[PDB]
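Below is one structure, written out as structure tokens; comments come after it.
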Amino acid sequence: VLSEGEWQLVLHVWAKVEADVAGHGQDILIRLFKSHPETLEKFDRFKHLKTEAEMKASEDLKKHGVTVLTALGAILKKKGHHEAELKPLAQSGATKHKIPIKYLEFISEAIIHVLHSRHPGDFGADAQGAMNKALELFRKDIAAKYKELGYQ
Ligand code: HEM
């Protein structure tokens, strides 16, 4: 678990992401794709995106970006109390999409890195350590729901 203090730090940065979701949304995804392009394969709609510039130009990617952050955000304001919110995503990932936990750690990486580039001064070690934990709590919870559904 995370302390109250840790949670506030997480939500304190979350607040800034919230000022430009679409924008934080696209950076995250561009970073993921770029750093681990094997993840692109889950996306057929994105398959065709050859450059950053085209990636940046897609409404579809930008939307997808917003859809990802809003879900993650609703989960974090739950401060660890997120089974209900969590459950649909674990189902879909265990059943439709088949996303490995590995894919999820990649994404965690892109998240942190974006936050740190955009928000240096609100994203110090304490905060960063706190966001790490929370993203870890999310992946862990996911991982077990997965097993329960027979995936991993
Ligand atoms: C912070 C982590 C993430 C969150 C909150 C998240 C959330 C979502 C949401 C809310 C959807 C739409 C409903 C559903 O199909 O579940 C979605 C769909 C999907 N997610 Fe994720 N996602 C995350 C990470 C990933 C990763 C890392 C991948 C694959 C590498 C991924 C692959 C997919 C795919 C392929 C779909 C189907 C979307 C479509 O084309 O209609 N998600 N994800």
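When a ligand or atom number is given, it counts from 1 through the structure's own listing order. These values consider heavy atoms only, across backbone and side chains, with no hydrogens, waters or symmetry-generated copies. We're numbering straight along the sequence, starting at 1.
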I want to know whether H12 and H119 have ring centres closer than 6.0 Å. no
Among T39, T67, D60, which one puts a heavy atom closest to atom 11 (C) of ligand 1? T67
Which atoms of ligand 1 are found less than 4.0 Å from any heavy atom of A71? 5 (C), 10 (C)
Please determine if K133 and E136 form a salt bridge, counting it only when a charged side-chain N lies under 4.0 Å from a carboxylate O. no
Under 3.5 Å, is there a donor-acceptor pair between the side chain of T95 and the main chain of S92? no
Just distances here: any N/O of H64 and N/O of ligand 1 closer than 3.5 Å? no
Rounded distance (nearest 0.5 Å) linking atom CG of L61 with atom CG of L49: 6.5 Å
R45 N/O under 3.5 Å from ligand 1 N/O: no
Are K102 and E38 close enough for a salt bridge, meaning some N to O gap below 4.0 Å? no
Indicate, as side chain, backbone, both or neither, the part of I99 found under 4.0 angstrom from ligand 1 when only non-hydrogen atoms are considered. side chain
When you measure from atom 3 (C) of ligand 1 to each heavy atom in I107, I75, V68, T70, which option holds the nearest one? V68
Taken in chain and number order and not counting sequence neighbours, the residues that satisfy side-chain contact (heavy atoms from CB on, under 4.5 Å) with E109 are none
Nearest non-hydrogen contact with atom 37 (C) of ligand 1 belongs to which option: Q91, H97, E105, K102? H97
Is there a donor-acceptor pair closer than 3.5 Å between any side-chain N or O of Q26 and the backbone N or O of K56? yes
For ligand 1, which atoms, with element, lie under 4.0 Å from some heavy atom of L89? 6 (C), 7 (C), 8 (C), 9 (C), 10 (C)
Heavy-atom distances under 4.0 Å decide this one: backbone, side chain, both or neither, for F106 against ligand 1? neither
On a heavy-atom basis, I'd like to know which of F138, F43, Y103 is closest to atom 32 (C) of ligand 1. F43
